[PDB]
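Colleague: Sharing input12.pdb (PDB, N, CA and C atoms) below.
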```pdb
ATOM      1  N   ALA A  66     102.006  72.501  91.288  1.00  0.00           N
ATOM      2  CA  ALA A  66     101.697  72.390  92.697  1.00  0.00           C
ATOM      3  C   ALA A  66     101.405  73.744  93.304  1.00  0.00           C
ATOM      4  N   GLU A  67     101.599  74.792  92.500  1.00  0.00           N
ATOM      5  CA  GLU A  67     101.399  76.174  92.997  1.00  0.00           C
ATOM      6  C   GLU A  67      99.920  76.550  92.923  1.00  0.00           C
ATOM      7  N   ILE A  68      99.314  76.826  94.075  1.00  0.00           N
ATOM      8  CA  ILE A  68      97.922  77.192  94.165  1.00  0.00           C
ATOM      9  C   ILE A  68      97.770  78.684  94.321  1.00  0.00           C
ATOM     10  N   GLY A  69      97.124  79.313  93.360  1.00  0.00           N
ATOM     11  CA  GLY A  69      96.990  80.763  93.345  1.00  0.00           C
ATOM     12  C   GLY A  69      96.330  81.317  94.562  1.00  0.00           C
ATOM     13  N   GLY A  70      95.173  80.767  94.877  1.00  0.00           N
ATOM     14  CA  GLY A  70      94.432  81.193  96.032  1.00  0.00           C
ATOM     15  C   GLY A  70      93.273  82.086  95.691  1.00  0.00           C
ATOM     16  N   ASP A  71      92.301  82.038  96.566  1.00  0.00           N
ATOM     17  CA  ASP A  71      91.078  82.790  96.443  1.00  0.00           C
ATOM     18  C   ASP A  71      91.071  83.898  97.459  1.00  0.00           C
ATOM     19  N   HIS A  72      90.009  84.661  97.462  1.00  0.00           N
ATOM     20  CA  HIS A  72      89.784  85.697  98.439  1.00  0.00           C
ATOM     21  C   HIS A  72      88.784  85.145  99.433  1.00  0.00           C
ATOM     22  N   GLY A  73      88.479  85.896 100.473  1.00  0.00           N
ATOM     23  CA  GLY A  73      87.508  85.413 101.448  1.00  0.00           C
ATOM     24  C   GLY A  73      86.077  85.818 101.113  1.00  0.00           C
ATOM     25  N   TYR A  74      85.892  86.467  99.951  1.00  0.00           N
ATOM     26  CA  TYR A  74      84.607  87.020  99.480  1.00  0.00           C
ATOM     27  C   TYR A  74      84.104  88.102 100.426  1.00  0.00           C
ATOM     28  N   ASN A  75      85.035  88.560 101.227  1.00  0.00           N
ATOM     29  CA  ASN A  75      84.920  89.601 102.197  1.00  0.00           C
ATOM     30  C   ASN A  75      85.362  90.852 101.510  1.00  0.00           C
ATOM     31  N   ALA A  76      84.513  91.854 101.457  1.00  0.00           N
ATOM     32  CA  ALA A  76      84.889  93.050 100.733  1.00  0.00           C
ATOM     33  C   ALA A  76      86.202  93.629 101.250  1.00  0.00           C
ATOM     34  N   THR A  77      86.489  93.490 102.552  1.00  0.00           N
ATOM     35  CA  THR A  77      87.731  94.012 103.105  1.00  0.00           C
ATOM     36  C   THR A  77      88.928  93.311 102.493  1.00  0.00           C
ATOM     37  N   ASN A  78      88.849  91.987 102.402  1.00  0.00           N
ATOM     38  CA  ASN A  78      89.949  91.201 101.885  1.00  0.00           C
ATOM     39  C   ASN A  78      90.116  91.440 100.411  1.00  0.00           C
ATOM     40  N   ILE A  79      89.008  91.621  99.712  1.00  0.00           N
ATOM     41  CA  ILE A  79      89.128  91.872  98.300  1.00  0.00           C
ATOM     42  C   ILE A  79      89.764  93.225  98.081  1.00  0.00           C
ATOM     43  N   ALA A  80      89.249  94.243  98.759  1.00  0.00           N
ATOM     44  CA  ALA A  80      89.749  95.593  98.605  1.00  0.00           C
ATOM     45  C   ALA A  80      91.226  95.676  98.937  1.00  0.00           C
ATOM     46  N   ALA A  81      91.659  94.909  99.927  1.00  0.00           N
ATOM     47  CA  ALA A  81      93.038  94.882 100.358  1.00  0.00           C
ATOM     48  C   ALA A  81      93.949  94.003  99.498  1.00  0.00           C
ATOM     49  N   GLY A  82      93.404  93.215  98.562  1.00  0.00           N
ATOM     50  CA  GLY A  82      94.216  92.285  97.768  1.00  0.00           C
ATOM     51  C   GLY A  82      94.656  91.017  98.535  1.00  0.00           C
ATOM     52  N   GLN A  83      93.914  90.635  99.577  1.00  0.00           N
ATOM     53  CA  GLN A  83      94.262  89.486 100.408  1.00  0.00           C
ATOM     54  C   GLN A  83      93.786  88.168  99.834  1.00  0.00           C
ATOM     55  N   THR A  84      94.728  87.279  99.546  1.00  0.00           N
ATOM     56  CA  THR A  84      94.401  85.976  98.984  1.00  0.00           C
ATOM     57  C   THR A  84      94.833  84.864  99.925  1.00  0.00           C
ATOM     58  N   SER A  85      94.422  83.637  99.614  1.00  0.00           N
ATOM     59  CA  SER A  85      94.786  82.464 100.401  1.00  0.00           C
ATOM     60  C   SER A  85      95.972  81.641  99.883  1.00  0.00           C
ATOM     61  N   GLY A  86      96.562  82.015  98.753  1.00  0.00           N
ATOM     62  CA  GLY A  86      97.610  81.184  98.156  1.00  0.00           C
ATOM     63  C   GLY A  86      98.919  81.866  97.782  1.00  0.00           C
ATOM     64  N   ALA A  87      99.479  81.392  96.669  1.00  0.00           N
ATOM     65  CA  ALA A  87     100.773  81.805  96.159  1.00  0.00           C
ATOM     66  C   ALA A  87     100.852  83.281  95.834  1.00  0.00           C
ATOM     67  N   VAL A  88      99.765  83.907  95.356  1.00  0.00           N
ATOM     68  CA  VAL A  88      99.954  85.313  94.981  1.00  0.00           C
ATOM     69  C   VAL A  88      98.999  86.350  95.583  1.00  0.00           C
ATOM     70  N   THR A  89      99.623  87.348  96.204  1.00  0.00           N
ATOM     71  CA  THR A  89      98.998  88.521  96.808  1.00  0.00           C
ATOM     72  C   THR A  89      98.700  89.495  95.685  1.00  0.00           C
ATOM     73  N   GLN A  90      97.553  90.178  95.727  1.00  0.00           N
ATOM     74  CA  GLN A  90      97.201  91.071  94.631  1.00  0.00           C
ATOM     75  C   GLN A  90      97.494  92.531  94.916  1.00  0.00           C
ATOM     76  N   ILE A  91      97.744  93.305  93.856  1.00  0.00           N
ATOM     77  CA  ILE A  91      97.940  94.744  94.033  1.00  0.00           C
ATOM     78  C   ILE A  91      96.671  95.341  94.617  1.00  0.00           C
ATOM     79  N   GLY A  92      95.542  94.993  94.026  1.00  0.00           N
ATOM     80  CA  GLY A  92      94.226  95.436  94.462  1.00  0.00           C
ATOM     81  C   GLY A  92      93.239  94.998  93.391  1.00  0.00           C
ATOM     82  N   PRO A  93      91.933  95.141  93.595  1.00  0.00           N
ATOM     83  CA  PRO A  93      90.882  94.718  92.684  1.00  0.00           C
ATOM     84  C   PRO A  93      90.645  95.615  91.469  1.00  0.00           C
ATOM     85  N   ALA A  94      91.685  95.743  90.661  1.00  0.00           N
ATOM     86  CA  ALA A  94      91.730  96.480  89.398  1.00  0.00           C
ATOM     87  C   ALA A  94      90.911  97.760  89.424  1.00  0.00           C
ATOM     88  N   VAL A  95      90.312  98.099  88.271  1.00  0.00           N
ATOM     89  CA  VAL A  95      89.381  99.206  88.153  1.00  0.00           C
ATOM     90  C   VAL A  95      88.265  98.808  87.186  1.00  0.00           C
ATOM     91  N   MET A  96      87.006  98.877  87.592  1.00  0.00           N
ATOM     92  CA  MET A  96      85.909  98.651  86.652  1.00  0.00           C
ATOM     93  C   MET A  96      85.346  99.995  86.208  1.00  0.00           C
ATOM     94  N   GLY A  97      85.249 100.936  87.149  1.00  0.00           N
ATOM     95  CA  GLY A  97      84.712 102.255  86.807  1.00  0.00           C
ATOM     96  C   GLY A  97      84.050 102.984  87.968  1.00  0.00           C
ATOM     97  N   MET A  98      83.394 104.100  87.654  1.00  0.00           N
ATOM     98  CA  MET A  98      82.746 104.912  88.675  1.00  0.00           C
ATOM     99  C   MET A  98      81.335 105.314  88.290  1.00  0.00           C
ATOM    100  N   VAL A  99      80.469 105.334  89.288  1.00  0.00           N
ATOM    101  CA  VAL A  99      79.104 105.765  89.146  1.00  0.00           C
ATOM    102  C   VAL A  99      78.876 107.090  89.849  1.00  0.00           C
ATOM    103  N   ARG A 100      78.535 108.111  89.100  1.00  0.00           N
ATOM    104  CA  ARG A 100      78.267 109.386  89.736  1.00  0.00           C
ATOM    105  C   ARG A 100      76.781 109.603  89.773  1.00  0.00           C
ATOM    106  N   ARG A 101      76.275 110.088  90.889  1.00  0.00           N
ATOM    107  CA  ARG A 101      74.852 110.353  90.985  1.00  0.00           C
ATOM    108  C   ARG A 101      74.365 111.360  89.949  1.00  0.00           C
ATOM    109  N   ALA A 102      73.282 111.000  89.255  1.00  0.00           N
ATOM    110  CA  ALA A 102      72.644 111.830  88.240  1.00  0.00           C
ATOM    111  C   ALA A 102      72.102 113.134  88.809  1.00  0.00           C
ATOM    112  N   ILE A 103      72.154 114.190  88.006  1.00  0.00           N
ATOM    113  CA  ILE A 103      71.627 115.501  88.367  1.00  0.00           C
ATOM    114  C   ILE A 103      70.215 115.730  87.814  1.00  0.00           C
ATOM    115  N   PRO A 104      69.231 116.158  88.642  1.00  0.00           N
ATOM    116  CA  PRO A 104      67.841 116.401  88.289  1.00  0.00           C
ATOM    117  C   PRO A 104      67.655 117.547  87.313  1.00  0.00           C
ATOM    118  N   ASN A 105      66.568 117.469  86.549  1.00  0.00           N
ATOM    119  CA  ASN A 105      66.191 118.473  85.564  1.00  0.00           C
ATOM    120  C   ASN A 105      65.393 119.626  86.154  1.00  0.00           C
TER     121      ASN A 105
ATOM    122  N   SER B  11     145.064 168.273 109.047  1.00  0.00           N
ATOM    123  CA  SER B  11     145.239 166.996 109.715  1.00  0.00           C
ATOM    124  C   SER B  11     143.982 166.158 109.654  1.00  0.00           C
ATOM    125  N   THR B  12     143.560 165.819 108.446  1.00  0.00           N
ATOM    126  CA  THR B  12     142.406 164.953 108.299  1.00  0.00           C
ATOM    127  C   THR B  12     142.885 163.528 108.397  1.00  0.00           C
ATOM    128  N   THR B  13     142.271 162.787 109.299  1.00  0.00           N
ATOM    129  CA  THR B  13     142.600 161.399 109.585  1.00  0.00           C
ATOM    130  C   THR B  13     141.311 160.590 109.587  1.00  0.00           C
ATOM    131  N   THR B  14     141.410 159.292 109.871  1.00  0.00           N
ATOM    132  CA  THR B  14     140.224 158.438 109.926  1.00  0.00           C
ATOM    133  C   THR B  14     139.331 158.765 111.123  1.00  0.00           C
ATOM    134  N   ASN B  15     139.767 159.670 112.004  1.00  0.00           N
ATOM    135  CA  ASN B  15     138.941 160.070 113.129  1.00  0.00           C
ATOM    136  C   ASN B  15     137.909 161.106 112.689  1.00  0.00           C
ATOM    137  N   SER B  16     138.040 161.588 111.452  1.00  0.00           N
ATOM    138  CA  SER B  16     137.160 162.598 110.888  1.00  0.00           C
ATOM    139  C   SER B  16     136.265 162.002 109.820  1.00  0.00           C
ATOM    140  N   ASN B  17     136.864 161.289 108.876  1.00  0.00           N
ATOM    141  CA  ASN B  17     136.075 160.711 107.792  1.00  0.00           C
ATOM    142  C   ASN B  17     135.046 159.696 108.289  1.00  0.00           C
ATOM    143  N   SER B  18     133.792 159.838 107.852  1.00  0.00           N
ATOM    144  CA  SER B  18     132.726 158.921 108.246  1.00  0.00           C
ATOM    145  C   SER B  18     132.511 157.796 107.239  1.00  0.00           C
ATOM    146  N   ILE B  19     131.813 156.737 107.667  1.00  0.00           N
ATOM    147  CA  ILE B  19     131.491 155.617 106.784  1.00  0.00           C
ATOM    148  C   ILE B  19     129.995 155.487 106.582  1.00  0.00           C
ATOM    149  N   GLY B  20     129.549 155.572 105.334  1.00  0.00           N
ATOM    150  CA  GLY B  20     128.122 155.452 105.026  1.00  0.00           C
ATOM    151  C   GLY B  20     127.565 154.059 105.321  1.00  0.00           C
ATOM    152  N   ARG B  21     128.141 153.064 104.652  1.00  0.00           N
ATOM    153  CA  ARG B  21     127.755 151.671 104.788  1.00  0.00           C
ATOM    154  C   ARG B  21     128.994 150.792 104.702  1.00  0.00           C
ATOM    155  N   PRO B  22     129.025 149.645 105.384  1.00  0.00           N
ATOM    156  CA  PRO B  22     130.059 148.648 105.292  1.00  0.00           C
ATOM    157  C   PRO B  22     129.902 147.874 104.002  1.00  0.00           C
ATOM    158  N   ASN B  23     130.978 147.270 103.545  1.00  0.00           N
ATOM    159  CA  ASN B  23     130.914 146.359 102.417  1.00  0.00           C
ATOM    160  C   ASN B  23     130.606 144.976 102.909  1.00  0.00           C
ATOM    161  N   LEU B  24     129.489 144.419 102.512  1.00  0.00           N
ATOM    162  CA  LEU B  24     129.179 143.102 103.009  1.00  0.00           C
ATOM    163  C   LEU B  24     130.260 142.093 102.691  1.00  0.00           C
ATOM    164  N   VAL B  25     130.876 142.229 101.516  1.00  0.00           N
ATOM    165  CA  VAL B  25     131.934 141.368 100.995  1.00  0.00           C
ATOM    166  C   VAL B  25     131.442 139.958 100.657  1.00  0.00           C
ATOM    167  N   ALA B  26     130.832 139.269 101.622  1.00  0.00           N
ATOM    168  CA  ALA B  26     130.322 137.917 101.436  1.00  0.00           C
ATOM    169  C   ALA B  26     129.117 137.620 102.343  1.00  0.00           C
ATOM    170  N   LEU B  27     128.336 136.623 101.912  1.00  0.00           N
ATOM    171  CA  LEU B  27     127.144 136.139 102.611  1.00  0.00           C
ATOM    172  C   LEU B  27     127.058 134.615 102.588  1.00  0.00           C
ATOM    173  N   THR B  28     126.719 133.997 103.715  1.00  0.00           N
ATOM    174  CA  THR B  28     126.516 132.540 103.700  1.00  0.00           C
ATOM    175  C   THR B  28     125.227 132.104 104.383  1.00  0.00           C
ATOM    176  N   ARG B  29     125.022 130.790 104.443  1.00  0.00           N
ATOM    177  CA  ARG B  29     123.828 130.216 105.048  1.00  0.00           C
ATOM    178  C   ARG B  29     124.095 128.981 105.893  1.00  0.00           C
ATOM    179  N   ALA B  30     123.419 128.926 107.040  1.00  0.00           N
ATOM    180  CA  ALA B  30     123.488 127.809 107.972  1.00  0.00           C
ATOM    181  C   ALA B  30     122.380 126.800 107.735  1.00  0.00           C
ATOM    182  N   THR B  31     122.660 125.877 106.823  1.00  0.00           N
ATOM    183  CA  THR B  31     121.808 124.789 106.351  1.00  0.00           C
ATOM    184  C   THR B  31     122.723 123.591 106.373  1.00  0.00           C
ATOM    185  N   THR B  32     122.255 122.383 106.092  1.00  0.00           N
ATOM    186  CA  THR B  32     123.247 121.302 106.060  1.00  0.00           C
ATOM    187  C   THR B  32     123.248 120.506 104.780  1.00  0.00           C
ATOM    188  N   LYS B  33     124.145 119.532 104.722  1.00  0.00           N
ATOM    189  CA  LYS B  33     124.253 118.663 103.562  1.00  0.00           C
ATOM    190  C   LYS B  33     123.316 117.506 103.749  1.00  0.00           C
ATOM    191  N   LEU B  34     122.471 117.279 102.768  1.00  0.00           N
ATOM    192  CA  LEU B  34     121.492 116.235 102.892  1.00  0.00           C
ATOM    193  C   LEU B  34     121.871 115.025 102.117  1.00  0.00           C
ATOM    194  N   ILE B  35     122.097 113.944 102.824  1.00  0.00           N
ATOM    195  CA  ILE B  35     122.486 112.743 102.155  1.00  0.00           C
ATOM    196  C   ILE B  35     121.445 111.676 102.349  1.00  0.00           C
ATOM    197  N   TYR B  36     120.598 111.492 101.358  1.00  0.00           N
ATOM    198  CA  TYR B  36     119.616 110.449 101.450  1.00  0.00           C
ATOM    199  C   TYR B  36     119.514 109.871 100.075  1.00  0.00           C
ATOM    200  N   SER B  37     119.931 110.660  99.100  1.00  0.00           N
ATOM    201  CA  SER B  37     119.852 110.213  97.712  1.00  0.00           C
ATOM    202  C   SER B  37     120.690 108.953  97.497  1.00  0.00           C
ATOM    203  N   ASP B  38     121.797 108.855  98.232  1.00  0.00           N
ATOM    204  CA  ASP B  38     122.739 107.749  98.144  1.00  0.00           C
ATOM    205  C   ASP B  38     122.473 106.642  99.157  1.00  0.00           C
ATOM    206  N   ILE B  39     121.395 106.769  99.898  1.00  0.00           N
ATOM    207  CA  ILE B  39     121.034 105.830 100.938  1.00  0.00           C
ATOM    208  C   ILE B  39     119.746 105.116 100.568  1.00  0.00           C
ATOM    209  N   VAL B  40     118.808 105.952 100.123  1.00  0.00           N
ATOM    210  CA  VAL B  40     117.428 105.478  99.882  1.00  0.00           C
ATOM    211  C   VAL B  40     117.210 105.054  98.441  1.00  0.00           C
ATOM    212  N   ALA B  41     116.474 103.966  98.279  1.00  0.00           N
ATOM    213  CA  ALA B  41     116.135 103.442  96.966  1.00  0.00           C
ATOM    214  C   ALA B  41     114.870 104.102  96.453  1.00  0.00           C
ATOM    215  N   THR B  42     114.952 105.368  96.082  1.00  0.00           N
ATOM    216  CA  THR B  42     113.703 106.069  95.793  1.00  0.00           C
ATOM    217  C   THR B  42     113.318 106.346  94.346  1.00  0.00           C
ATOM    218  N   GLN B  43     112.026 106.112  94.103  1.00  0.00           N
ATOM    219  CA  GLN B  43     111.276 106.329  92.871  1.00  0.00           C
ATOM    220  C   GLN B  43     109.915 106.977  93.138  1.00  0.00           C
ATOM    221  N   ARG B  44     109.623 108.068  92.424  1.00  0.00           N
ATOM    222  CA  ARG B  44     108.366 108.808  92.579  1.00  0.00           C
ATOM    223  C   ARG B  44     107.151 107.944  92.327  1.00  0.00           C
ATOM    224  N   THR B  45     106.088 108.196  93.089  1.00  0.00           N
ATOM    225  CA  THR B  45     104.846 107.484  92.894  1.00  0.00           C
ATOM    226  C   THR B  45     103.800 108.421  92.287  1.00  0.00           C
ATOM    227  N   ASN B  46     102.748 107.803  91.772  1.00  0.00           N
ATOM    228  CA  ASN B  46     101.652 108.539  91.211  1.00  0.00           C
ATOM    229  C   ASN B  46     100.344 108.213  91.886  1.00  0.00           C
ATOM    230  N   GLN B  47     100.432 107.625  93.063  1.00  0.00           N
ATOM    231  CA  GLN B  47      99.259 107.289  93.832  1.00  0.00           C
ATOM    232  C   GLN B  47      99.462 107.647  95.302  1.00  0.00           C
ATOM    233  N   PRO B  48      98.385 107.963  96.038  1.00  0.00           N
ATOM    234  CA  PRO B  48      98.310 108.177  97.480  1.00  0.00           C
ATOM    235  C   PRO B  48      98.771 107.002  98.338  1.00  0.00           C
ATOM    236  N   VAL B  49      98.854 105.804  97.753  1.00  0.00           N
ATOM    237  CA  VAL B  49      99.292 104.605  98.456  1.00  0.00           C
ATOM    238  C   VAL B  49     100.259 103.855  97.527  1.00  0.00           C
ATOM    239  N   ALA B  50     101.299 103.247  98.088  1.00  0.00           N
ATOM    240  CA  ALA B  50     102.242 102.447  97.301  1.00  0.00           C
ATOM    241  C   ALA B  50     102.383 101.067  97.918  1.00  0.00           C
ATOM    242  N   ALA B  51     102.678 100.057  97.101  1.00  0.00           N
ATOM    243  CA  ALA B  51     102.856  98.723  97.667  1.00  0.00           C
ATOM    244  C   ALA B  51     103.784  97.865  96.856  1.00  0.00           C
ATOM    245  N   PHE B  52     104.895  97.494  97.463  1.00  0.00           N
ATOM    246  CA  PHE B  52     106.003  96.781  96.837  1.00  0.00           C
ATOM    247  C   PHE B  52     105.822  95.259  96.852  1.00  0.00           C
ATOM    248  N   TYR B  53     106.268  94.564  95.792  1.00  0.00           N
ATOM    249  CA  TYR B  53     106.177  93.091  95.851  1.00  0.00           C
ATOM    250  C   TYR B  53     107.459  92.377  96.179  1.00  0.00           C
ATOM    251  N   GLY B  54     107.352  91.499  97.156  1.00  0.00           N
ATOM    252  CA  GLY B  54     108.462  90.627  97.480  1.00  0.00           C
ATOM    253  C   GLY B  54     108.159  89.296  96.849  1.00  0.00           C
TER     254      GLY B  54
END
```
For the structure just supplied, provide its representation as structure tokens.
Modeller:
Amino acid sequence: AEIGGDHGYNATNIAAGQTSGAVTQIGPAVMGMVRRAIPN
Amino acid sequence: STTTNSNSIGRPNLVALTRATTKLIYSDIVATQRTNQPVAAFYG
């Protein structure tokens, strides 16, 4: 009967770990970083 | 008749030194653990 819950697909809510159900998140993990390329 | 009214004193003996600081008691009050991030968030 425990519903985990979704996010609002709102970048603010995702970034903040805000869900609609049983579990609040620490935050949206880590995928990585993009650094701007340097010209030749 | 040399007495203490003649003999001079170069410097006093400090004997002892102290400091006006206080006792800090928070270690026994606060539930503290070091963090490794600019933000922390506890789970209830």
Colleague: Could you tell me which residues the PyMOL selection byres ((chain A and resi 88) around 6.5) grabs in this file, written as a ChimeraX atom specification?
Modeller: /A:68-70,84-87,89-90
Colleague: Go ahead and compute the interatomic distance for atom N of residue B:46 and atom C of residue A:81, in Å to one decimal.
Modeller: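 Those two atoms sit 18.1 Å apart.
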Colleague: Using only C-alpha atoms, what does the table of chain B residues within 9 Å of chain A look like, with each row giving the shortest atom pair and its distance in Å to one decimal, sorted by chain and ascending number, as a tab-separated table?
Modeller:
```
residue	atom	partner	partner_atom	distance
B:51	CA	A:91	CA	7.3
B:52	CA	A:91	CA	8.8
B:53	CA	A:89	CA	8.6
```
Colleague: Go ahead and write the selection's residues with N, CA and C atoms as a PDB file, keeping the file's coordinate frame.
Modeller:
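Result file follows (selection09.pdb):
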```pdb
ATOM      1  N   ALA B  51     102.678 100.057  97.101  1.00  0.00           N
ATOM      2  CA  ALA B  51     102.856  98.723  97.667  1.00  0.00           C
ATOM      3  C   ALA B  51     103.784  97.865  96.856  1.00  0.00           C
ATOM      4  N   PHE B  52     104.895  97.494  97.463  1.00  0.00           N
ATOM      5  CA  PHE B  52     106.003  96.781  96.837  1.00  0.00           C
ATOM      6  C   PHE B  52     105.822  95.259  96.852  1.00  0.00           C
ATOM      7  N   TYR B  53     106.268  94.564  95.792  1.00  0.00           N
ATOM      8  CA  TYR B  53     106.177  93.091  95.851  1.00  0.00           C
ATOM      9  C   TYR B  53     107.459  92.377  96.179  1.00  0.00           C
TER      10      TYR B  53
END
```
Colleague: Give the helix (DSSP H, G or I) residues of chain A, as DSSP finds them on the backbone, and put them as a VMD selection string.
Modeller: chain A and resid 76 to 81
Colleague: Can you write just those residues out, N, CA and C atoms, as a compact mmCIF listing (two decimals), in the coordinates of the input?
Modeller:
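The resulting file, out_6.txt, is shown below:
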```txt
# COMPACT_ATOMS: atom_id res chain seq x y z
N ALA A 76 84.51 91.85 101.46
CA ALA A 76 84.89 93.05 100.73
C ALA A 76 86.20 93.63 101.25
N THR A 77 86.49 93.49 102.55
CA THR A 77 87.73 94.01 103.10
C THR A 77 88.93 93.31 102.49
N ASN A 78 88.85 91.99 102.40
CA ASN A 78 89.95 91.20 101.88
C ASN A 78 90.12 91.44 100.41
N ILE A 79 89.01 91.62 99.71
CA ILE A 79 89.13 91.87 98.30
C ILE A 79 89.76 93.22 98.08
N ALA A 80 89.25 94.24 98.76
CA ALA A 80 89.75 95.59 98.60
C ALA A 80 91.23 95.68 98.94
N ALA A 81 91.66 94.91 99.93
CA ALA A 81 93.04 94.88 100.36
C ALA A 81 93.95 94.00 99.50
```
Colleague: So how many Å separate atom CA of residue B:45 and atom CA of residue A:94, to one decimal?
Modeller: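 Going from atom CA of residue B:45 over to atom CA of residue A:94 covers 17.5 Å.
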Colleague: Do you have the atom N of residue A:71-atom CA of residue A:99 distance handy?
Modeller: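 It comes out at 28.1 Å.
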